[PDB]
């Protein structure tokens, strides 16, 4: 009955892809063209019901929609986990080097 | 082990041409990196923004790719954010902003090549240490 | 708290003045050999 | 047996304290 | 706090036994003088 | 079982403490049964091996390796950049011999629980109630005898 | 509840023992609640009273 | 019981200070 | 249900009998919370006897 | 290398917590105290045995007389500190006794550590802290320090063990 | 007249909300064709009350007073958000951002410290219908979120945490783990609170309002280690309204 | 026979069992205040939020500590170097939570200890002694100033001063090494030499004088009875001691002037401890021990580790764990 919700999340697609609903913003540095501009937009406009939803962010240029479209297979979405998005933690989760 | 020409051989551009530095250029670039860059980039990290380091794999994924001499020389003239979207000359040292970053004033074109070459050679020697931070000290 | 503050200020002043006037009361003369 | 734990120290001091008192009195009687 | 119960008896005898020894030796010295 | 009980760090005399008193049973408890030999596997069926605790260490991380010593799973401290969690690697435990013979566990918290025991070597069922054991290793008569005689010498 | 608690022999000071040491709570325990007044009846519905 | 014990031992040391200072064996010259 | 006399308190009732009813930590034996007894709390009486 | 030995003993043996080392500390610092206080006392209770301002010249190794006043030294310390030495022989024996005994005690503690027989923990503190996450002492604070030391120095300090600790297992507080 | 930093610093005035003159009994008219924002919401607690536990049967303990021990660090300020007009003429404030939380610990009689995250995070507060004018009888009723007092990186004194730290009591290697599961497994609570804001002063010329508030929320549960307490908070508030 | 002159004569009287003096007029109240508050706090103070993160640390016996773990805990980091007397708090409960007692104790103690040093000068003057015993005491006194006042001043917070407790002292030490590499600092190395050498010479002098006691008693009595308080003749043969020690090493490595010898005994540990007090006092301003991290590299540029790099690994471990919840940003600059 007592489960660590963060360990449980590592067992989902959160553990293998960039979760558009949960992952800290520094993970968007792993793929080109995403950081910082599109990462800022993606985090600010979460949550998303489906990976495809990021293409409906208002303001996207066609080059930015192109960048996202190339990267859709590296994204996922899972239910928002309160412990990962509170505290402003998607912007700074206390991990540096 | 020694500083052989093979380790001193780094990419010149994205096209795949390479250039082979001399020991002198490597040592020159290390001195210049300490003079103008190390206060923020010691060991290949970035003290004021640790999310972005000087590891080759990081530089490879920047827009303008920066894992080559040309891309790095251009960055020292006109730095941009990691996605290429904005110019950051007014908050990052560069030739374009040497009026506000006075240590950049007396860097010549060959100094830039040496600094760029140092950044590209060093991960070949130090491995994970370069840009790994205190875990690998 | 104000009472406490005032009390401590008076007590400390008292002891400091004892110290100052004590050493001003001919202290060099208080030794076993030469008094002047 | 589930006895009272303080019973050990109570018994121990019950013996030691008055016994030591007597021994002190006796030894100093002998040395004068 | 769940401390070792025998700690108390151990402490009390550690103090009492050598202290009593010294007191015995001191008092019978005084009654010599 | 007697041989398996020797292959357990709780009977290692260099695991005690100067003021941890009494019999070893007062620490990890009265041993009741060998639980069986734990075999760990990841989602692709490689056998993994728990790195055993060295005697120097009061505590030790949980690191699972393959036959070649390459790290394949662990219990992470910082979760946010974890690459080797049991959850991500699908680590499972199966038991052969002993009480748990022929059983496999797949729920990550049970699998980690046995992985924490496996750093001590072979895994045993203990009675901790009878002596109100506190769970902290004590040394054996071999340890106490050696200490006293080296100090007297 | 305070009034019912006085009507309980565990608070009678003549119920103790010379070597039963400590607080009264060490004996019957720490009182938590009045359970209520128990009424006893036989099969005939008549009310009975415990001596 | 352990708090009581620590404080007790500490109090005994303070009392011993008092006797050791004010009831010492007086040093007597030659 | 847990007054002092169930707890083996011996001197506490003699302070309470003559008017010492509250503690510096803010409780009183009559149940009221948020009281300020001044110096003459249970703690102040004890300290006064030690001095 | 000896500095590394000290830190090893902190993180692995919790050696500062060991009463035999504490007795050694008291003997070493007590010895240094006795050394300074005795030297200073002699030098500031000297008899005037010459006219020079340098008072060293006014001593002769074959003189029978004490070169300083035990009586004045005793009065000073009795009035300053409450008690004072009165017996020159006891004093110098005590100066032998204090640091020698201290070192002997620490040696006993290291003999224990040969067997990992440490005073590492207080069991009562650990039982309470495991059950009550708001309970924190300087004792628990130091064990976290010991755990950092072990995990961070062990791979390079014990290279024959081939410890590979991935980044995610290293104990770390926030940000650091 | 407005003070400077060097007039305020060290006085305790930095923790106090702006006040209105007792003569500010006006009314602020609401034009529905217009949109409005709250440019600054300031909440200054003055009283912290904690509910006690009655232990026995259906008794329901009362709210007892407490002493603050964390000094002048309590006020919520620089809060802003949208002020909407609803189809029935009720107004709804929707908090957007601000310094909208303060950790507070108060001490109950007997010495127990009660820490709590005083907050209005995500506040949605609404009036009665048919307002058309903010007056000295206007009330806002709303609810808000109370996240866990500690966030997920927080490490307890034995190194245990939710997003970081040990998962076991490493100092008791062979202890039975079932008794320690509540202390070993950290969980992140997210509860709700309720607040009333009663307007008592209105400057009809400037759009400033001020008044009284009362909120109820839960205290810290130490990441699931113990049961929270119920806390009632009373104080004064100030707000500035602007046409958006 | 004036009333003030009679008071003055009593304060400076050499007939009081314990000398009072003008320094004592300040010393006695400040030391009593510090002592009484310390004892009470050590036994009964509630937990203190030393690091200002609302995470109180329990220091006293009644709150679950023993003699080794207990402490009077330093005052809150939220206070920094601000003066926090009782009358600045809204209540004693506030003052206790924030660590007010530590400030009261260390300020009264440093004042009273400074007057203790003055009192040593003062009585030496009333007894017609030479004056410099108080100079010996300035070495431990400076060390107390360094860990209670100077280090907090340079770091900006009494929360980083040394706790008044046994385990708290070790905490202070471990954290000091992680942040200043004090072991690699020469003034601490000089302190070790002053303390090791002081213990050495204490044992040397004690054993040489004991070795050369002149036979004055029988084997059934303590040799100590061969000395009588205030006797005019020396009680040991320094020429015999010199003859032994000079042959143990070589002649000119042994003293035969007792004044020179005792001055040496005074100077060695006093100067060594001056330097170590100065070490704490200058690491307060972050001038730290020698850094040889990655100082040896090979012909290619591989780092070749030395024992200094192993030290750094241990220091890193202490760095990353200390005050595990108090740092939000990557550099621990104070």
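Going in written order, the chains are labelled A, B, C, D, E, F, G, H, I, J, K and L, and every chain counts its residues from 1.
In the analysis below, a contact is a pair of C-beta atoms (placed from the backbone, for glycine too) under 8 Å apart; a residue touches a chain by one contact, two chains touch by 3 or more.
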Fewest hops from chain D to chain K - one hop per pair of touching chains: 3
Greatest separation from chain E - chain, by CA centre: B
Dominant chain pairing [most C-beta pairs in contact]: J-L
Separation of chain F from chain K, taking each centre as the mean of its C-alpha atoms, in whole Å: 47
Between chain G and chain D, distance of the C-alpha-averaged centres to the nearest whole Å: 43
Geometric centre distance via CA averages, chain H-chain G, whole Å: 52
Distance from the mean Cα position of chain K to that of chain A, given in whole angstrom: 30
Multi-partner residues of chain K (at least 2 other chains): 56, 67, 111, 153, 155, 159, 163-164, 166-167, 170-172, 175
Residues of chain A touching at least two other chains: 3, 6-7, 93-94, 96-97
Shared-contact residues (touching 2 or more other chains) in chain L: 17-18, 56, 64, 66, 127-128, 229-231, 309, 313, 316, 319-320, 324-325, 328, 330
Contact footprint of chain L on chain B as seen in their complex: 1-3, 7, 47, 50, 122, 125-126, 129, 134, 137
Chain K-facing residues of chain L, complex: 46, 54, 56, 78, 90-91, 93-94, 96-98, 324-325
Contact set on chain H toward chain L in their complex: 2-3, 6-7, 21-22, 27-30
Chain E - residues contacting chain D, complex: 5, 8-9, 12-13, 16, 20, 23-24, 27-32
Complex interface listing, chain J residues touching chain E: 123-125, 127-128
